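Below: the structure, in structure tokens.
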Amino acid sequence: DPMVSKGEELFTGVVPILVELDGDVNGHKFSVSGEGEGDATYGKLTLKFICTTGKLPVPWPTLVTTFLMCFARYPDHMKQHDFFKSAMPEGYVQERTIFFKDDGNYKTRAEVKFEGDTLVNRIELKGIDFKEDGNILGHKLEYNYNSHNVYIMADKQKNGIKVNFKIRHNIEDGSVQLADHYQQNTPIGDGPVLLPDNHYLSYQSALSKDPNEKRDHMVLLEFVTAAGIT
């Protein structure tokens with residue numbers, strides 16, 4: 001399929017990644033840079049993010065979803081359903097509203113595309129209605145992360161996809177902070193794109209610290225595999 005081919009040819013080996021985020025949550029401004037690499041053959045991403053404005057005013061775990069579904073491993077039987085690669089290299093726009101239960105919300109807009117050989121995720125994040133002393137602005141979320149399926153459906157009217165899902169972040173007192181994600185992706189280009197049957201992506205995410213890093217940062221290892229169409 002010369003359409004499946006054009007995506008295979010962009011993602012087959014290890015692809016360098018750059019992430020840039022401009023943030024404003026309740027007027028706490030911040031910027032984050034990330035660098036790393038993905039190997040979609042293995043559904044594998046390795047990234048390190050640095051708060052370049054100083055202290056991150058929110059918990060790192062709250063940013064993990066915002067900080068590359070083109071790096072999903074799509075099994076051979078499901079290649080016709082890989083919207084994310086099909087949009088490249090022109091890329092796509094990824095928009096979210098994430099609702100933190102009993103607290104504020106994030107609205108994100110990102111553009112995911114190639115700049116040369118480098119896959120780039122440029123993001124703007126605005127958070128509003130947070131409790132200065134809640135789980136988020138009060139930094140009461142544990143530095144860990146649970147596995148989660150993410151359900152993708154076509155959005156035929158918008159030539160794109162919609163993704164709906166819940167993340168539960170562990171709170172330090174043993175409870176959980178729900179973060180209900182609503183998501184829409186649309187290709188940046190005018191060309192044809194693969195619009196998928198309903199399926200899901202399985203995520204596992206592991207958060208760590210670089211022992212030689214003094215700046216405020218997050219090391220993120222993700223494995224992501226499409227499934228749900230036998």
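Chain labels run A, B, ... following the order of the structure tokens; each chain numbers its residues from 1, and ligands are numbered from 1 in the order shown.
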Query raised in the report: So which residues touch region 195-208 of chain A within 6 Å, counting only C-alpha atoms, skipping near sequence neighbours fewer than 5 positions away, as a PyMOL selection string?
Result: chain A and resi 81+83+144+147-154+219-228
For the interface of region 14-49 of chain A with region 210-216 of chain A (cut-off 10 Å, counting only C-alpha atoms), please tabulate each contacting residue of region 14-49 of chain A alongside its nearest pair of atoms and their separation in Å to one decimal, rows sorted by chain and increasing number, as JSON lines.
{"residue": "A:32", "atom": "CA", "partner": "A:216", "partner_atom": "CA", "distance": 9.7}
{"residue": "A:48", "atom": "CA", "partner": "A:210", "partner_atom": "CA", "distance": 8.5}
{"residue": "A:49", "atom": "CA", "partner": "A:216", "partner_atom": "CA", "distance": 8.6}
Test item: residues at most 6 Å from residue 25 (chain A), only C-alpha atoms, excluding those fewer than 3 positions along its chain, as a PDB file with C-alpha atoms, in the first residue's frame:
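The resulting file, result.pdb, is reproduced below:
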ATOM      1  CA  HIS A  28       2.053  30.573  37.180  1.00  0.00           C
ATOM      2  CA  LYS A 126      -3.307  26.975  29.786  1.00  0.00           C
ATOM      3  CA  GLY A 127      -4.646  25.895  33.231  1.00  0.00           C
ATOM      4  CA  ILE A 128      -7.511  27.705  34.973  1.00  0.00           C
TER       5      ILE A 128
END
Query - All residues 9 Å or closer to residue 137 (chain A), only C-alpha atoms, same chain fewer than 2 positions away omitted, as a PyMOL selection string - result: chain A and resi 25-26+57-59+130-135+139-140
Query raised in the report: Do you have the CA of residue 74 (chain A)-CA of residue 38 (chain A) distance handy?
Result: 13.9 Å
Requested in this report: Quick one: everything within 7 Å of residue 118 (chain A), counting only C-alpha atoms, minus sequence neighbours fewer than 3 positions away in the same chain. Send it as a PyMOL selection string.
Outcome: chain A and resi 15-17+114-115
Could the residues in this selection be saved with N, CA and C atoms as a PDB file, in the first residue's frame?
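File part-v9.pdb, as written:
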ATOM      1  N   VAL A  15      14.139   7.586  15.708  1.00  0.00           N
ATOM      2  CA  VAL A  15      13.856   8.977  15.320  1.00  0.00           C
ATOM      3  C   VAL A  15      14.079   9.972  16.497  1.00  0.00           C
ATOM      4  N   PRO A  16      14.990  10.986  16.306  1.00  0.00           N
ATOM      5  CA  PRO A  16      15.224  11.971  17.368  1.00  0.00           C
ATOM      6  C   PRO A  16      13.906  12.747  17.655  1.00  0.00           C
ATOM      7  N   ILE A  17      13.673  13.162  18.902  1.00  0.00           N
ATOM      8  CA  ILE A  17      12.464  13.961  19.249  1.00  0.00           C
ATOM      9  C   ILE A  17      12.863  15.216  20.057  1.00  0.00           C
ATOM     10  N   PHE A 114       7.417  16.700  11.571  1.00  0.00           N
ATOM     11  CA  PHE A 114       8.867  16.674  11.297  1.00  0.00           C
ATOM     12  C   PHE A 114       9.409  18.076  11.020  1.00  0.00           C
ATOM     13  N   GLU A 115      10.577  18.353  11.606  1.00  0.00           N
ATOM     14  CA  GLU A 115      11.435  19.439  11.179  1.00  0.00           C
ATOM     15  C   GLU A 115      12.689  18.741  10.772  1.00  0.00           C
TER      16      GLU A 115
END
Requested in this report: Based on DSSP run over this structure's backbone, return all residues of region 13-183 of chain A in strand (DSSP E or B), as a VMD selection string.
Outcome: chain A and resid 15 to 25 28 to 39 44 to 51 73 92 to 100 105 to 115 118 to 128 141 148 to 155 160 to 171 176 to 183
Requested in this report: Please provide as a ChimeraX atom specification all residues within 7 Å of region 85-96 of chain A, with the sequence filter that same-chain residues fewer than 2 positions apart are discarded (counting only C-alpha atoms).
Outcome: /A:7,70,82-83,98,107-114,181-189,193-194
Output C-alpha atoms for every residue in that selection, as a PDB file, in the first residue's frame.
ATOM      1  CA  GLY A   7       4.700   6.144   7.075  1.00  0.00           C
ATOM      2  CA  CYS A  70       2.892   8.530  16.038  1.00  0.00           C
ATOM      3  CA  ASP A  82      -2.611   4.300  12.021  1.00  0.00           C
ATOM      4  CA  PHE A  83      -3.865   7.861  11.638  1.00  0.00           C
ATOM      5  CA  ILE A  98      -8.138  17.704  30.806  1.00  0.00           C
ATOM      6  CA  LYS A 107      -6.400  23.139  27.811  1.00  0.00           C
ATOM      7  CA  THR A 108      -3.589  22.149  25.440  1.00  0.00           C
ATOM      8  CA  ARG A 109      -2.859  22.729  21.790  1.00  0.00           C
ATOM      9  CA  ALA A 110       0.038  20.952  20.162  1.00  0.00           C
ATOM     10  CA  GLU A 111       1.509  20.547  16.730  1.00  0.00           C
ATOM     11  CA  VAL A 112       3.289  17.336  16.013  1.00  0.00           C
ATOM     12  CA  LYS A 113       5.432  17.238  12.883  1.00  0.00           C
ATOM     13  CA  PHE A 114       8.867  16.674  11.297  1.00  0.00           C
ATOM     14  CA  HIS A 181      -8.992  13.738  29.129  1.00  0.00           C
ATOM     15  CA  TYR A 182     -10.896  14.870  26.024  1.00  0.00           C
ATOM     16  CA  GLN A 183      -8.896  14.896  22.864  1.00  0.00           C
ATOM     17  CA  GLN A 184      -9.191  15.746  19.118  1.00  0.00           C
ATOM     18  CA  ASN A 185      -6.452  15.369  16.361  1.00  0.00           C
ATOM     19  CA  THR A 186      -6.584  16.871  12.892  1.00  0.00           C
ATOM     20  CA  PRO A 187      -3.932  16.629  10.147  1.00  0.00           C
ATOM     21  CA  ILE A 188      -2.002  19.823   9.373  1.00  0.00           C
ATOM     22  CA  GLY A 189      -1.830  18.940   5.557  1.00  0.00           C
ATOM     23  CA  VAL A 193      -5.066  10.344   5.991  1.00  0.00           C
ATOM     24  CA  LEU A 194      -5.882   6.936   7.459  1.00  0.00           C
TER      25      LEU A 194
END
Query raised in the report: Hey, what's within 8 Å of residue 12 (chain A) if we count only C-alpha atoms and toss same-chain stuff fewer than 6 positions away? As a list in words, please?
Result: residues 39, 40 and 41 of chain A
Just write the chosen residues, C-alpha atoms, as an mmCIF file, in the first residue's frame.
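Dumped to selection_13.cif:
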data_model
loop_
_atom_site.group_PDB
_atom_site.id
_atom_site.type_symbol
_atom_site.label_atom_id
_atom_site.label_comp_id
_atom_site.auth_asym_id
_atom_site.auth_seq_id
_atom_site.Cartn_x
_atom_site.Cartn_y
_atom_site.Cartn_z
ATOM 1 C CA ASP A 39 11.467 3.654 17.941
ATOM 2 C CA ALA A 40 7.896 2.991 16.795
ATOM 3 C CA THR A 41 8.936 -0.548 15.657
#
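From CA of residue 100 (chain A) back to CA of residue 68 (chain A), the distance works out to 21.7 Å.
Restricting the calculation to only C-alpha atoms, the smallest distance between residue 172 (chain A) and any of A:142, A:103, A:1, A:129 is found for A:142.
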Report task. Choose the residue, out of A:159, A:105, A:170, A:5, that has the smallest atom-to-atom separation from residue 145 (chain A); count only C-alpha atoms. Result ->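 When distances to residue 145 (chain A) are compared using only C-alpha atoms, the smallest one comes from A:170.
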